[PDB]
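Q: My structure is stored as model-v1.csv, with CSV, C-alpha atoms (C1' of nucleotides).
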```
chain,number,residue,atom,x,y,z
D,1,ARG,CA,-24.0,34.0,15.7
D,2,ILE,CA,-25.2,35.2,19.1
D,3,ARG,CA,-28.6,37.0,19.4
D,4,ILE,CA,-28.3,40.0,21.7
D,5,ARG,CA,-31.9,41.0,22.7
D,6,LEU,CA,-32.0,43.9,25.1
D,7,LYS,CA,-35.0,45.6,26.7
D,8,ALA,CA,-35.5,48.9,28.5
D,9,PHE,CA,-38.2,51.5,29.2
D,10,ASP,CA,-36.4,54.6,28.0
D,11,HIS,CA,-35.8,55.0,24.3
D,12,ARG,CA,-33.0,57.6,24.7
D,13,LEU,CA,-31.3,55.1,27.1
D,14,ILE,CA,-31.7,51.8,25.2
D,15,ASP,CA,-30.5,53.5,22.0
D,16,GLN,CA,-27.6,55.2,23.7
D,17,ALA,CA,-26.6,51.9,25.4
D,18,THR,CA,-26.6,50.1,22.0
D,19,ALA,CA,-23.9,52.4,20.7
D,20,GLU,CA,-21.3,51.1,23.2
D,21,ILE,CA,-22.4,47.5,23.1
D,22,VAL,CA,-21.1,47.3,19.6
D,23,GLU,CA,-18.2,49.6,20.4
D,24,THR,CA,-17.1,47.0,22.9
D,25,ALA,CA,-17.5,44.4,20.2
D,26,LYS,CA,-16.3,46.0,16.9
D,27,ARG,CA,-13.1,47.0,18.9
D,28,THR,CA,-12.4,43.3,19.3
D,29,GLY,CA,-14.7,41.1,17.2
D,30,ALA,CA,-14.8,43.6,14.4
D,31,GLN,CA,-18.0,42.3,12.8
D,32,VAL,CA,-21.6,42.9,14.0
D,33,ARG,CA,-24.8,42.6,12.0
D,34,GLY,CA,-26.3,46.0,12.9
D,35,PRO,CA,-28.6,47.6,15.4
D,36,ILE,CA,-32.1,46.2,14.7
D,37,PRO,CA,-35.0,47.9,16.5
D,38,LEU,CA,-38.1,45.8,17.3
D,39,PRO,CA,-41.7,46.8,17.7
D,40,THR,CA,-42.4,48.1,21.1
D,41,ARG,CA,-44.9,46.6,23.6
D,42,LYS,CA,-47.2,49.4,24.8
D,43,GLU,CA,-49.2,48.2,27.8
D,44,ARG,CA,-52.1,50.5,28.7
D,45,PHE,CA,-53.9,50.7,32.1
D,46,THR,CA,-56.8,53.2,32.0
D,47,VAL,CA,-58.5,53.2,35.4
D,48,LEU,CA,-60.6,55.4,37.7
D,49,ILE,CA,-59.2,58.2,39.7
D,50,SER,CA,-61.9,59.1,42.2
D,51,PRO,CA,-62.3,57.1,45.4
D,52,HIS,CA,-66.1,56.8,44.8
D,53,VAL,CA,-68.7,57.7,42.1
D,54,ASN,CA,-67.8,59.8,38.9
D,55,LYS,CA,-66.9,56.8,36.7
D,56,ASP,CA,-66.3,59.2,33.8
D,57,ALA,CA,-63.0,60.8,35.0
D,58,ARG,CA,-60.3,58.3,34.0
D,59,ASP,CA,-56.6,58.9,33.3
D,60,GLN,CA,-55.0,57.0,30.4
D,61,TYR,CA,-51.6,55.5,31.3
D,62,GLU,CA,-49.1,53.6,29.1
D,63,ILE,CA,-45.8,51.9,29.9
D,64,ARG,CA,-43.6,51.5,26.8
D,65,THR,CA,-41.0,48.8,26.7
D,66,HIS,CA,-38.6,48.7,23.7
D,67,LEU,CA,-36.5,46.0,22.2
D,68,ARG,CA,-33.3,46.2,20.2
D,69,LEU,CA,-31.2,43.5,18.5
D,70,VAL,CA,-27.6,43.7,17.2
D,71,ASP,CA,-27.0,39.9,16.6
D,72,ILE,CA,-23.2,39.9,16.7
D,73,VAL,CA,-21.4,38.0,13.9
D,74,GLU,CA,-18.2,36.5,15.2
D,75,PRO,CA,-18.1,33.9,18.0
D,76,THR,CA,-14.4,34.4,19.0
D,77,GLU,CA,-13.8,33.9,22.8
D,78,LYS,CA,-12.5,37.5,23.2
D,79,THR,CA,-15.8,39.0,21.9
D,80,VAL,CA,-17.9,36.5,24.0
D,81,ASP,CA,-16.4,37.8,27.3
D,82,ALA,CA,-16.6,41.5,26.1
D,83,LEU,CA,-20.4,41.2,25.9
D,84,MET,CA,-21.6,38.3,28.2
D,85,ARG,CA,-19.5,39.3,31.2
D,86,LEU,CA,-19.4,43.0,30.4
D,87,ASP,CA,-23.1,44.1,30.7
D,88,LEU,CA,-23.6,47.8,31.4
D,89,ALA,CA,-26.5,50.3,32.1
D,90,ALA,CA,-28.5,49.5,35.2
D,91,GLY,CA,-32.3,49.5,34.5
D,92,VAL,CA,-31.7,48.0,31.0
D,93,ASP,CA,-32.5,44.3,30.6
D,94,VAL,CA,-30.2,42.4,28.2
D,95,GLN,CA,-30.6,38.8,27.4
D,96,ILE,CA,-28.5,36.7,25.1
D,97,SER,CA,-29.2,33.4,23.2
D,98,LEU,CA,-26.2,31.9,21.4
F,1,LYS,CA,-2.8,-24.6,14.5
F,2,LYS,CA,-1.5,-21.1,14.4
F,3,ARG,CA,-1.5,-19.0,17.6
F,4,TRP,CA,-1.1,-15.3,18.1
F,5,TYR,CA,1.9,-13.3,19.0
F,6,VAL,CA,2.8,-9.6,19.7
F,7,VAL,CA,5.6,-7.8,17.8
F,8,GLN,CA,7.1,-4.5,18.7
F,9,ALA,CA,8.0,-2.1,15.9
F,10,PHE,CA,9.3,1.5,15.8
F,11,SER,CA,6.1,3.3,16.7
F,12,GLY,CA,5.1,5.3,13.6
F,13,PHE,CA,6.4,3.0,10.9
F,14,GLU,CA,3.9,0.3,11.7
F,15,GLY,CA,2.1,0.0,8.4
F,16,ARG,CA,5.5,-0.2,6.6
F,17,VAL,CA,6.6,-2.9,9.1
F,18,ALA,CA,3.4,-4.9,8.3
F,19,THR,CA,4.0,-4.6,4.6
F,20,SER,CA,7.6,-5.6,4.9
F,21,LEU,CA,6.6,-8.5,7.1
F,22,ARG,CA,4.1,-9.8,4.4
F,23,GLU,CA,6.8,-9.4,1.8
F,24,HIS,CA,9.4,-11.3,3.8
F,25,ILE,CA,6.9,-14.1,4.2
F,26,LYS,CA,6.4,-14.2,0.5
F,27,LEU,CA,10.1,-14.0,-0.1
F,28,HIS,CA,11.3,-16.8,2.2
F,29,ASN,CA,8.1,-18.8,1.3
F,30,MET,CA,7.2,-20.1,4.7
F,31,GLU,CA,3.6,-19.5,3.6
F,32,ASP,CA,2.3,-22.3,5.8
F,33,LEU,CA,3.7,-20.7,8.9
F,34,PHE,CA,1.9,-17.3,8.9
F,35,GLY,CA,-1.8,-16.5,8.9
F,36,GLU,CA,-2.5,-12.8,9.1
F,37,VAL,CA,-1.0,-9.5,10.3
F,38,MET,CA,-3.2,-7.2,12.4
F,39,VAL,CA,-2.9,-3.5,13.0
F,40,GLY,CA,3.1,0.5,18.3
F,41,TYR,CA,2.4,-3.3,18.4
F,42,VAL,CA,1.8,-5.6,15.5
F,43,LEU,CA,-0.3,-8.7,16.0
F,44,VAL,CA,0.9,-11.8,14.0
F,45,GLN,CA,-0.9,-15.1,13.6
F,46,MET,CA,2.1,-17.5,13.6
F,47,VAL,CA,3.6,-20.7,14.8
F,48,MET,CA,6.9,-21.0,16.7
F,49,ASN,CA,9.9,-22.4,15.0
F,50,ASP,CA,13.3,-20.8,15.5
F,51,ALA,CA,13.4,-20.2,11.8
F,52,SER,CA,10.2,-18.2,11.8
F,53,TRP,CA,11.4,-16.4,14.9
F,54,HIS,CA,14.6,-15.3,13.1
F,55,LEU,CA,12.4,-14.4,10.1
F,56,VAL,CA,10.2,-12.0,12.1
F,57,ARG,CA,13.2,-10.5,13.9
F,58,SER,CA,15.1,-10.1,10.5
F,59,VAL,CA,12.2,-8.1,9.2
F,60,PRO,CA,13.5,-4.5,9.3
F,61,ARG,CA,12.4,-1.9,12.0
F,62,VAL,CA,11.3,-4.7,14.4
F,63,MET,CA,12.7,-4.8,17.9
F,64,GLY,CA,11.5,-8.2,19.0
F,65,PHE,CA,8.7,-10.2,20.5
F,66,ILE,CA,7.2,-9.4,23.9
F,67,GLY,CA,6.8,-12.3,26.2
F,68,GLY,CA,7.9,-14.0,29.4
F,69,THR,CA,11.3,-14.9,27.9
F,70,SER,CA,13.3,-14.6,24.7
F,71,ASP,CA,13.9,-18.3,24.3
F,72,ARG,CA,10.2,-19.3,24.0
F,73,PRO,CA,8.2,-16.0,23.6
F,74,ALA,CA,4.6,-15.9,24.8
F,75,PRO,CA,1.4,-16.2,22.7
F,76,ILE,CA,-1.6,-14.1,23.9
F,77,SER,CA,-2.5,-13.7,27.6
F,78,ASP,CA,-5.8,-12.0,26.7
F,79,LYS,CA,-6.8,-9.8,29.7
F,80,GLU,CA,-8.6,-6.9,28.0
F,81,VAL,CA,-8.0,-7.4,24.2
F,82,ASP,CA,-11.8,-7.8,23.6
F,83,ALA,CA,-12.4,-4.8,26.0
F,84,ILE,CA,-10.0,-2.6,23.8
F,85,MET,CA,-12.0,-3.2,20.6
F,86,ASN,CA,-15.4,-3.0,22.4
F,87,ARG,CA,-14.8,0.4,24.1
F,88,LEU,CA,-13.0,1.9,21.0
F,89,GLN,CA,-16.0,1.0,18.8
F,90,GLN,CA,-18.5,2.4,21.4
F,91,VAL,CA,-16.7,5.7,21.7
F,92,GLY,CA,-16.1,6.0,17.9
F,93,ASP,CA,-19.9,5.5,17.3
F,94,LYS,CA,-20.9,8.2,19.9
F,95,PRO,CA,-19.9,9.6,23.3
F,96,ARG,CA,-21.9,9.6,26.6
F,97,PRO,CA,-22.4,13.2,27.6
F,98,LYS,CA,-25.4,12.6,29.9
F,99,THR,CA,-27.6,15.7,29.7
F,100,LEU,CA,-26.1,17.5,32.7
F,101,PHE,CA,-28.2,20.7,32.3
F,102,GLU,CA,-31.8,19.4,32.6
F,103,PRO,CA,-34.9,21.7,32.3
F,104,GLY,CA,-35.3,23.3,35.8
F,105,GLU,CA,-31.9,22.2,37.2
F,106,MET,CA,-28.8,24.2,38.4
F,107,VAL,CA,-25.6,23.4,36.5
F,108,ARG,CA,-21.9,24.2,36.5
F,109,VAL,CA,-19.8,25.7,33.7
F,110,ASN,CA,-16.2,24.7,33.2
F,111,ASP,CA,-15.7,25.6,29.5
F,112,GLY,CA,-15.4,28.8,27.3
F,113,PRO,CA,-15.5,32.3,28.8
F,114,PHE,CA,-18.3,31.2,31.2
F,115,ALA,CA,-15.8,28.8,32.9
F,116,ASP,CA,-16.0,28.7,36.8
F,117,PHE,CA,-19.6,29.9,37.0
F,118,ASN,CA,-22.9,28.2,38.0
F,119,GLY,CA,-26.5,28.8,36.8
F,120,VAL,CA,-29.8,27.1,36.1
F,121,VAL,CA,-31.1,25.5,32.9
F,122,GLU,CA,-34.3,27.3,32.0
F,123,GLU,CA,-34.7,25.3,28.8
F,124,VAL,CA,-33.1,22.0,27.6
F,125,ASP,CA,-32.7,20.6,24.1
F,126,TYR,CA,-31.8,16.9,24.0
F,127,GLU,CA,-32.4,16.8,20.2
F,128,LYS,CA,-29.9,19.7,19.7
F,129,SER,CA,-27.8,18.3,22.5
F,130,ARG,CA,-27.7,21.8,24.1
F,131,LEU,CA,-28.7,23.2,27.6
F,132,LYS,CA,-30.1,26.7,28.0
F,133,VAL,CA,-28.6,28.0,31.2
F,134,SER,CA,-27.8,31.6,32.2
F,135,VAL,CA,-24.7,32.5,34.2
F,136,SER,CA,-24.8,35.5,36.6
F,137,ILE,CA,-22.3,37.8,34.9
F,138,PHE,CA,-22.0,41.1,36.8
F,139,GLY,CA,-25.2,39.8,38.6
F,140,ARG,CA,-27.0,39.5,35.2
F,141,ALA,CA,-27.7,35.8,34.5
F,142,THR,CA,-26.5,35.7,30.9
F,143,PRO,CA,-28.6,32.9,29.4
F,144,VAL,CA,-26.1,31.0,27.3
F,145,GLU,CA,-26.2,27.5,25.6
F,146,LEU,CA,-23.7,25.0,26.9
F,147,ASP,CA,-23.1,21.3,26.0
F,148,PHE,CA,-23.6,18.6,28.7
F,149,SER,CA,-19.9,18.0,28.8
F,150,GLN,CA,-19.3,21.9,28.8
F,151,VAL,CA,-21.2,22.1,32.1
F,152,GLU,CA,-21.6,19.8,35.1
F,153,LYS,CA,-24.8,18.8,36.9
F,154,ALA,CA,-25.1,20.7,40.3
B,1,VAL,CA,14.1,30.2,27.2
B,2,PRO,CA,14.7,30.5,23.3
B,3,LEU,CA,18.1,31.3,21.6
B,4,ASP,CA,19.0,34.1,19.2
B,5,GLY,CA,17.0,32.6,16.2
B,6,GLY,CA,13.8,32.0,18.2
B,7,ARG,CA,13.6,28.1,18.4
B,8,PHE,CA,13.2,27.2,22.1
B,9,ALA,CA,16.3,25.6,23.5
B,10,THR,CA,14.5,23.2,25.8
B,11,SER,CA,16.0,21.7,28.9
B,12,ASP,CA,16.6,18.0,29.5
B,13,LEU,CA,14.2,17.7,32.4
B,14,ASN,CA,11.3,18.7,30.2
B,15,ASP,CA,12.2,15.7,28.0
B,16,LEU,CA,12.2,13.5,31.0
B,17,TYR,CA,8.9,14.7,32.5
B,18,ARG,CA,7.2,14.8,29.1
B,19,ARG,CA,8.3,11.1,28.5
B,20,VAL,CA,6.9,10.0,31.9
B,21,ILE,CA,3.6,11.8,31.3
B,22,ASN,CA,3.3,10.4,27.8
B,23,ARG,CA,3.9,6.9,29.1
B,24,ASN,CA,1.6,7.4,32.1
B,25,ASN,CA,-1.2,8.5,29.8
B,26,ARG,CA,-0.7,5.5,27.6
B,27,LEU,CA,-0.8,3.2,30.7
B,28,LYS,CA,-4.0,4.7,32.0
B,29,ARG,CA,-5.5,4.2,28.5
B,30,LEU,CA,-4.3,0.6,29.0
B,31,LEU,CA,-6.5,0.5,32.1
B,32,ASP,CA,-9.8,1.9,30.6
B,33,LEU,CA,-10.2,0.0,27.3
B,34,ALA,CA,-6.8,-1.6,28.2
B,35,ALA,CA,-5.0,-4.6,26.6
B,36,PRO,CA,-3.6,-8.1,27.6
B,37,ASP,CA,-1.0,-8.9,30.3
B,38,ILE,CA,2.1,-8.8,28.0
B,39,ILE,CA,1.1,-5.3,26.8
B,40,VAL,CA,0.5,-3.8,30.2
B,41,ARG,CA,3.7,-5.5,31.5
B,42,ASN,CA,5.7,-3.8,28.8
B,43,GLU,CA,3.8,-0.6,29.4
B,44,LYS,CA,4.5,-0.6,33.1
B,45,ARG,CA,8.1,-1.6,32.5
B,46,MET,CA,8.6,1.3,30.1
B,47,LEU,CA,7.1,3.6,32.8
B,48,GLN,CA,9.4,2.1,35.4
B,49,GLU,CA,12.4,2.7,33.2
B,50,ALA,CA,11.1,6.2,32.4
O,1,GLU,CA,-0.8,24.6,27.7
O,2,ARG,CA,-4.3,24.6,29.4
O,3,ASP,CA,-3.3,21.7,31.8
O,4,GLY,CA,0.2,20.6,30.7
O,5,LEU,CA,3.8,20.5,31.9
O,6,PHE,CA,3.5,24.3,32.1
O,7,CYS,CA,0.0,24.9,33.3
O,8,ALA,CA,-1.8,28.0,34.6
O,9,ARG,CA,-4.3,26.7,37.4
O,10,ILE,CA,-1.8,24.1,38.8
O,11,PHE,CA,1.0,26.7,39.1
O,12,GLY,CA,0.6,30.4,38.5
O,13,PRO,CA,0.2,33.3,36.0
O,14,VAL,CA,3.3,34.0,33.8
O,15,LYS,CA,2.8,37.7,34.1
O,16,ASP,CA,2.8,39.4,37.6
O,17,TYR,CA,-0.7,40.0,38.9
O,18,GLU,CA,-2.3,39.5,35.5
O,19,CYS,CA,-4.6,36.4,35.9
O,20,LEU,CA,-4.8,35.5,32.1
O,21,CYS,CA,-5.3,38.0,29.3
O,22,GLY,CA,-8.7,39.9,29.8
O,23,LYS,CA,-9.0,39.8,33.6
O,24,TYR,CA,-7.4,42.0,36.3
O,25,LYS,CA,-5.0,44.5,34.7
O,26,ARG,CA,-4.6,46.8,37.8
O,27,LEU,CA,-4.1,46.2,41.6
O,28,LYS,CA,-7.5,45.5,43.1
O,29,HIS,CA,-8.6,41.8,43.0
O,30,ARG,CA,-5.5,39.6,43.4
O,31,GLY,CA,-6.8,36.0,43.4
O,32,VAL,CA,-10.0,35.7,41.4
O,33,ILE,CA,-10.0,32.8,38.9
O,34,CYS,CA,-10.1,34.4,35.4
O,35,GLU,CA,-13.6,33.4,34.2
O,36,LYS,CA,-12.1,32.8,30.7
O,37,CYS,CA,-9.3,30.4,31.8
O,38,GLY,CA,-8.3,28.6,35.0
O,39,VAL,CA,-5.2,30.4,36.5
O,40,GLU,CA,-3.8,31.7,39.8
O,41,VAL,CA,-3.2,35.5,40.4
O,42,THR,CA,0.2,36.1,41.9
O,43,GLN,CA,3.8,37.5,41.1
O,44,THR,CA,6.4,36.2,38.7
O,45,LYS,CA,8.6,34.2,41.1
O,46,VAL,CA,5.6,32.3,42.6
O,47,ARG,CA,6.0,29.5,40.0
O,48,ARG,CA,9.6,28.9,41.1
O,49,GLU,CA,8.5,27.7,44.5
O,50,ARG,CA,5.3,25.8,43.4
C,1,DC,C1',32.1,-21.1,56.4
C,2,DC,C1',37.3,-18.9,55.1
C,3,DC,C1',40.0,-17.0,51.9
C,4,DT,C1',40.1,-15.8,46.4
C,5,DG,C1',38.7,-13.9,42.2
C,6,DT,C1',35.5,-10.9,39.6
C,7,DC,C1',32.4,-7.1,38.7
C,8,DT,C1',30.7,-2.5,39.2
C,9,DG,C1',31.1,2.1,41.0
C,10,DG,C1',33.5,6.5,42.3
C,11,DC,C1',36.9,9.9,41.5
C,12,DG,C1',40.5,12.7,39.4
C,13,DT,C1',43.0,21.7,40.2
C,14,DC,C1',41.1,26.9,39.8
C,15,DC,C1',39.9,31.5,37.5
C,16,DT,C1',39.3,33.6,32.5
C,17,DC,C1',38.9,34.7,27.0
C,18,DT,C1',37.0,33.7,22.2
C,19,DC,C1',34.8,30.5,18.6
C,20,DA,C1',31.0,27.0,16.5
C,21,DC,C1',26.4,24.7,16.9
C,22,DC,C1',22.4,23.0,18.9
C,23,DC,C1',16.3,16.3,16.0
C,24,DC,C1',15.1,14.2,11.3
C,25,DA,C1',11.1,14.0,8.5
C,26,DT,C1',7.3,13.4,6.0
C,27,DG,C1',2.8,10.8,4.5
L,1,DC,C1',3.7,19.0,10.9
L,2,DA,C1',4.1,15.4,15.4
L,3,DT,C1',6.4,12.6,17.7
L,4,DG,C1',9.3,9.2,18.4
L,5,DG,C1',13.4,6.5,19.2
L,6,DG,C1',33.0,2.0,20.6
L,7,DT,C1',36.9,-1.0,21.0
L,8,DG,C1',43.9,3.9,24.2
L,9,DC,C1',42.7,5.2,32.2
L,10,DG,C1',44.1,3.6,36.4
L,11,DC,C1',43.8,2.9,41.5
L,12,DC,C1',40.7,1.8,45.6
L,13,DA,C1',37.3,-0.5,47.5
L,14,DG,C1',33.6,-3.0,48.9
L,15,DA,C1',29.9,-6.2,47.4
L,16,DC,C1',29.0,-10.4,45.0
L,17,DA,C1',30.1,-15.1,43.8
L,18,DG,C1',33.5,-18.9,43.7
L,19,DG,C1',35.9,-22.0,45.0
L,20,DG,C1',38.7,-24.2,48.8
```
What is this file in structure tokens?

A:
Amino acid sequence: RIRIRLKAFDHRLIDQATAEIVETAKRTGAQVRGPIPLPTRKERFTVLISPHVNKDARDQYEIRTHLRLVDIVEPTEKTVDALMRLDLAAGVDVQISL
Amino acid sequence: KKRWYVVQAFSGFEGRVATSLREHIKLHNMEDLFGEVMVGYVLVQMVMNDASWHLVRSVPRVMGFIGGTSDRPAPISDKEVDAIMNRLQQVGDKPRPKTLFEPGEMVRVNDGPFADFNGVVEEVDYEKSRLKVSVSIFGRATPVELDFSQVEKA
Amino acid sequence: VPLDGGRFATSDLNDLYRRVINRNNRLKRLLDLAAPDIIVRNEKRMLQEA
Amino acid sequence: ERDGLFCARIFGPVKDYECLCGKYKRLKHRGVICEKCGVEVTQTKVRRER
DNA sequence: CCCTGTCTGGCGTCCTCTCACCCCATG
DNA sequence: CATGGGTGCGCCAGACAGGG
């Protein structure tokens, strides 16, 4: 009933953090849809490295941001507070749309 | 000419009082002395003879008329009778939850688990009657949808 | 507090306060959409007696 | 009741230092209004004087 | 106004020990 | 399931009429 869309840069972190966000829900709400991954946005910035001439030495960079969905089933007040108010993992965005 | 009067019944048996009143009229056949019966108070179109007064108070589960005195009870001092019907109909049709959370306006939450929290309405939906406002939970503004009445304009 | 069975044996003051609040809510409703004088005189009189 | 003869915000929490249900189940923040429901955060005899 | 009759209120011992039973009713 | 509305006590005493 409530879309839980959460974003973070590390994949071993965003996917660790999705294990407890349903463990704090299935303990009380006892019904979640399931962990849905989403296609990651890879932003590339390839740019020069020398402070002058030699525009042939560049270094390819990439910042990968990931997205996960769990889309919890039950809108019972107990479950609502156990997710909305209880947000964990600093450095991990989580945004909810009921 | 038949003027209106107010009858008090045992509150809860009011439809049965109205039916028994119509039946007592058609028993004691004073048909020219009663016009209607409107529905804890029962409105009666009536005239005032002491016979019809004893008739209405001999109807069962009826306490008595409500007026200035019990000798000559009082017709209808309309002060807000029309206002009653008007406001009842208006509310029944629809309420008046003025879109409190407007696009780009801070709001206040007093309902659900987000009660006692403030936030801003990033998006508004007048068609869906829902305001998109996020409430700083553990610092993280938790974008949640609240109704106009569920939140107050800040 | 309830009794052995479980039904709550309620005090008399809760009946008195609950009556006064029921009548006061009815009288406020008889101030918004409201109703004629005889109605609000009986309503305020029932509140006075309550 | 939410706001009845036996309220939470108007008087106090039934349980000692417990706000209401899921809020404050230890001894650190005695006073915060439970985000879920309007309620005071005090002892058990606080309602007897209020 | 000065006495006379009426009308309502206020009150009547202290400790204990069991028992029984606490709002229908219903569209 | 919500809510909604008897007729056996007797004295004292002072306030309220009621004559007087």

Q: Between B:27, B:13, B:20, B:38, which one has atoms that come closest to chain F, using only C-alpha atoms?

A: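 Once distances to chain F are computed over only C-alpha atoms, the minimum belongs to B:38.
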
Q: Could you state the separation of atom CA of residue 49 of chain D and atom CA of residue 91 of chain D in Å, given to one decimal place?

A: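 We find that atom CA of residue 49 of chain D and atom CA of residue 91 of chain D lie 28.7 Å from each other.
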
Q: Can you tell me, as a list in words, which residues sit within 10 Å of (0.1, 42.7, 35.3) in the file's frame, using all atoms listed in the file?

A: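 Output of the proximity query reads residues 13, 14, 15, 16, 17, 18, 19, 20, 21, 23, 24, 25, 26, 27, 41, 42, 43 and 44 of chain O.
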
Q: Taking (-1.7, -6.4, 12.0) as a centre in this file's frame and 10 Å as the limit, can you find every polymer residue with an atom that close, using all atoms listed in the file, and give them as JSON, numbers by chain?

A: {"F": [6, 7, 14, 15, 17, 18, 19, 21, 36, 37, 38, 39, 41, 42, 43, 44, 45]}

Q: What lies within 12 Å of segment 2-11 of chain B using all atoms listed in the file, ignoring chain neighbours under 6 positions off, as a ChimeraX atom specification?

A: /B:17-18 /C:21-23

Q: Generate a file of the selected residues that holds C-alpha atoms (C1' of nucleotides), formatted as an mmCIF file, keeping the file's coordinate frame.

A:
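Contents of the output file part.cif:
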```
data_model
loop_
_atom_site.group_PDB
_atom_site.id
_atom_site.type_symbol
_atom_site.label_atom_id
_atom_site.label_comp_id
_atom_site.auth_asym_id
_atom_site.auth_seq_id
_atom_site.Cartn_x
_atom_site.Cartn_y
_atom_site.Cartn_z
ATOM 1 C CA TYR B 17 8.900 14.700 32.500
ATOM 2 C CA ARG B 18 7.200 14.800 29.100
ATOM 3 C "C1'" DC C 21 26.400 24.700 16.900
ATOM 4 C "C1'" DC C 22 22.400 23.000 18.900
ATOM 5 C "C1'" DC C 23 16.300 16.300 16.000
#
```

Q: Go ahead and compute the interatomic distance for atom CA of residue 112 of chain F and atom CA of residue 32 of chain B, in Å to one decimal.

A: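 The value is 27.7 Å.
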
Q: Determine which residues of chain L sit within 10 Å of chain F, taking into account all atoms listed in the file, and present them as number ranges by chain.

A: L: 3-5

Q: Between atom CA of residue 84 of chain F and atom CA of residue 65 of chain F, measure the distance and give it in Å to one decimal.

A: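 So the answer is 20.5 Å.
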
Q: Specify as a list in words all residues of chain D found within 12 Å of chain O, counting all atoms listed in the file.

A: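 Here is what falls inside 12 Å: residues 28, 77, 78, 79, 80, 81, 82, 84, 85 and 86 of chain D.
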
Q: Report the closest atom pair, with its distance in Å rounded to one decimal, for each residue of chain B that has an atom no farther than 12 Å from chain L; count all atoms listed in the file, sort by chain and then rising residue number, and write it as JSON lines.

A:
```
{"residue": "B:15", "atom": "CA", "partner": "L:4", "partner_atom": "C1'", "distance": 12.0}
{"residue": "B:18", "atom": "CA", "partner": "L:3", "partner_atom": "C1'", "distance": 11.6}
{"residue": "B:19", "atom": "CA", "partner": "L:4", "partner_atom": "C1'", "distance": 10.3}
{"residue": "B:22", "atom": "CA", "partner": "L:3", "partner_atom": "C1'", "distance": 10.8}
```

Q: Report as number ranges by chain all protein, DNA and RNA residues lying within 6 Å of residue 9 of chain F, evaluated on only C-alpha atoms (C1' of nucleotides), omitting residues in the same chain fewer than 2 positions from it.

A: F: 11, 61-63

Q: Find the residues of chain C in contact range of chain F, meaning any atom within 12 Å when counting only C-alpha atoms (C1' of nucleotides), and list them as JSON, numbers by chain.

A: {"C": [25, 26, 27]}

Q: Give as JSON, numbers by chain every residue of chain O that touches chain B within 12 Å, counting all atoms listed in the file.

A: {"O": [4, 5, 6]}

Q: Could you name the residues that touch segment 44-50 of chain B at 6 Å or less, counting all atoms listed in the file, but leaving out those on the same chain fewer than 3 positions away, as a PyMOL selection string?

A: chain B and resi 20+23+40-41

Q: Using all atoms listed in the file and a cut-off of 12 Å, which residues of chain F sit close to chain O? Please list them as a ChimeraX atom specification.

A: /F:109-118,135-138

Q: In terms of the shortest atom-to-atom distance over all atoms listed in the file, which of F:72, F:54, F:2, F:79 is closest to chain B?

A: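 Residue with the minimum atom-to-atom distance to chain B: F:79.
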
Q: Find the residues in chain B near chain F: any atom within 8 Å counts, using all atoms listed in the file. Write them as a PyMOL selection string.

A: chain B and resi 33-39+42

Q: Skip segment 142-150 of chain F itself and residues of its chain fewer than 2 positions away, then list as a compact mmCIF listing (two decimals) with C-alpha atoms, in the coordinates of the input all residues within 9 Å of it, counting only C-alpha atoms (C1' of nucleotides).

A:
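selection-v9.txt was written with the following content:
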```txt
# COMPACT_ATOMS: atom_id res chain seq x y z
CA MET D 84 -21.60 38.30 28.20
CA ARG D 85 -19.50 39.30 31.20
CA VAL D 94 -30.20 42.40 28.20
CA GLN D 95 -30.60 38.80 27.40
CA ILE D 96 -28.50 36.70 25.10
CA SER D 97 -29.20 33.40 23.20
CA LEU D 98 -26.20 31.90 21.40
CA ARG F 96 -21.90 9.60 26.60
CA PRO F 97 -22.40 13.20 27.60
CA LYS F 98 -25.40 12.60 29.90
CA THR F 99 -27.60 15.70 29.70
CA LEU F 100 -26.10 17.50 32.70
CA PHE F 101 -28.20 20.70 32.30
CA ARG F 108 -21.90 24.20 36.50
CA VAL F 109 -19.80 25.70 33.70
CA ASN F 110 -16.20 24.70 33.20
CA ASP F 111 -15.70 25.60 29.50
CA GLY F 112 -15.40 28.80 27.30
CA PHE F 114 -18.30 31.20 31.20
CA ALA F 115 -15.80 28.80 32.90
CA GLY F 119 -26.50 28.80 36.80
CA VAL F 120 -29.80 27.10 36.10
CA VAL F 121 -31.10 25.50 32.90
CA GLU F 122 -34.30 27.30 32.00
CA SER F 129 -27.80 18.30 22.50
CA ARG F 130 -27.70 21.80 24.10
CA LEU F 131 -28.70 23.20 27.60
CA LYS F 132 -30.10 26.70 28.00
CA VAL F 133 -28.60 28.00 31.20
CA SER F 134 -27.80 31.60 32.20
CA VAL F 135 -24.70 32.50 34.20
CA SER F 136 -24.80 35.50 36.60
CA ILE F 137 -22.30 37.80 34.90
CA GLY F 139 -25.20 39.80 38.60
CA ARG F 140 -27.00 39.50 35.20
CA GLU F 152 -21.60 19.80 35.10
CA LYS F 153 -24.80 18.80 36.90
```
